[PDB]
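J.:
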Amino acid sequence: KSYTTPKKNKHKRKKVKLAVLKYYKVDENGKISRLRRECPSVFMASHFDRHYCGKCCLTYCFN
RNA sequence: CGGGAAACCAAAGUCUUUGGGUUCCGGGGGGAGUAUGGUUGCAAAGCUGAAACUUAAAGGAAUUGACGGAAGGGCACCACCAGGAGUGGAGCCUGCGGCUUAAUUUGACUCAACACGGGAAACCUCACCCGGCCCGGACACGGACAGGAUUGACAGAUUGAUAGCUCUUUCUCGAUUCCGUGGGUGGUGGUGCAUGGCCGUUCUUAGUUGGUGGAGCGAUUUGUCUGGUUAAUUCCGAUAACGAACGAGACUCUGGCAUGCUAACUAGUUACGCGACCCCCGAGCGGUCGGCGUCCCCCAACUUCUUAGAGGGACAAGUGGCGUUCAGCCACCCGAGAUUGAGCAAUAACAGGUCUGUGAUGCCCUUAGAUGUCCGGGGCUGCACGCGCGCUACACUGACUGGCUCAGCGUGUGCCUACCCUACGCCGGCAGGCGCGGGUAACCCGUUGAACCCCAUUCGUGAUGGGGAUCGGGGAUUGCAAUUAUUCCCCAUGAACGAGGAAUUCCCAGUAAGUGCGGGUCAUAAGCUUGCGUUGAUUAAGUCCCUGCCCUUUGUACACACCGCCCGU
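Letter by letter, the first sequence follows residues 2 to 42, 49 to 70 in the entry's author numbering.
1) Per DSSP, what kind of secondary structure is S3 in: helix, strand or coil?
2) Do the segment 34 to 41 and the segment 11 to 25 meet, that is, are 3 or more Cβ pairs less than 8 Å apart?
3) Comparing alpha-carbon positions, which option in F69, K8, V49 and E29 lies nearest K62?
4) Which of helix, strand or coil does DSSP assign to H12?
5) Check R38 in the structure and name its three-state DSSP category.
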């Protein structure tokens, strides 16, 4: 069992959508512009070099 | 008569209902019959004789226990005698302390610990030491709750691991998350000296209470005994006790044997029909005979063996001795001659073990840098040592090799869960492997065709081939992982040990003792333990000599009770 004081941390990588962050662009009515790669089926954009989803979980790794 | 604390007393009586006359003398215990003073004494010493201080009890009689190197009866191989096999001595496997280590986790200490916690731990179990995830933190009190919290997932460094642990941030369950206060659920964390329950032991002997009655003021006592008798406070008796309950015994299971009974293709059948099949396989030309490793349907005969239901049977009954001639004992034809072995088990207890079996639990510890849980690798097994249960031998009644033939309890597959028992054919020396055909079982394993033992060869008193430790190389198995070698096989090294000091345990009949086989632990499996069967004695029919036990009589300055108390430089 874990008996020792030194772990140096243990916490959650807290996530927020409370911040101001645009996922599409502010265009005229009837036309929406996508800043990053997002699918109709909606979060597949590059993280830093890979793609992964929450509702689909299809890992893109060479495109 | 009557006194007295009572043991006792014709005085220790005539004592609160006290007064016959008179002498000496004591006021809690110790310091003390000490110091000093007086006095007698040849000397030893005698007579008279304080206080300071210290202490809560000293002290008498009886009552129950405990105890006795105290007597009287009696029982027990956790006792001895007569013996047998053993331990201690040597190799080793497991438990203990000490040493050691991050940790080598802990309980247990004469029987009543030390092969015990089914404690044979690779992980797991793991409670120990080194690291890493999680909140399975109920609910409510306030916030965060609309650019709306908070899930989590490979980026790449990092970590040990491809734990988005983190760093880093991109995705969602979206108000079930998230932060402080309140309540800790949780815990193999501490106290078995707070407990429950369950066990062990005192204690495997025969002992234990109360109702009414009698005695003592009383604690207590009698009933529970003078005596004989039995395994037994089991009886007959005796009797200021009577009538009853517990323990014993009685009861349950087990072994015996019942040529009688209802029964059996999942048992025997086995006797038979010889309904067939086979070998001249032999006396036998041959049949009948002997055999079958065989083959049958039930329209054979049943139940001796196989199984298990009711039965049945043994009860000091028959006879003879011994006895207060009651309880009973000894011997003998009969036959299971009352006799197999256990289970069960009272009164009062122990600061006997267990909080490490439990959602059984009080209190304390702790609860997020967790004493909760999960994961990784280790450790519980480490070596100058001493210990306690055990297997192996030290050999010739033996070992190596071949033939030979016989057993009984059980056990065995899909369960909240992961693998059972194994015939039979081939491959492989073997350890093992591959198709496979049975079993949830009187069905196939398995007619369980086990071992020492029975009959032959080799070895030749020699550390020899007895012995099988240690070490190297190899070959397979179960598993997420075998290295500090899980097991098993093969070659090979071939040590300690020449029957074991002081001590000490177990046993009296299919018991000791030898050999083998099941169950348990068990994915891998026993040198351990719980059971089964086979081979089969010598030495006893007794005593208190030792360690101990029950009852009675006596003794005590003991009462957490001889592991007691207690005396002086």
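We treat Cβ as the ideally placed atom computed from N, Cα and C, and that holds for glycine.
T.: On the basis of the data shown:
1) By 1-based counting over the first sequence, the position of residue 3 is 2. Here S3 sits in coil by DSSP.
2) yes
3) Numbered from its first residue, the first sequence carries residue 62 at position 55. The shortest C-alpha separation from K62 is found at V49.
4) For the purposes of this step, residue 12 is identified with residue 11 of the first sequence, where counting begins at 1. In the structure shown, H12 sits in coil (DSSP, three-state: anything other than H, G, I, E or B).
5) Within the first sequence, numbered from 1, the residue matching residue 38 stands at position 37. Three-state DSSP puts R38 in coil, outside helix and strand.
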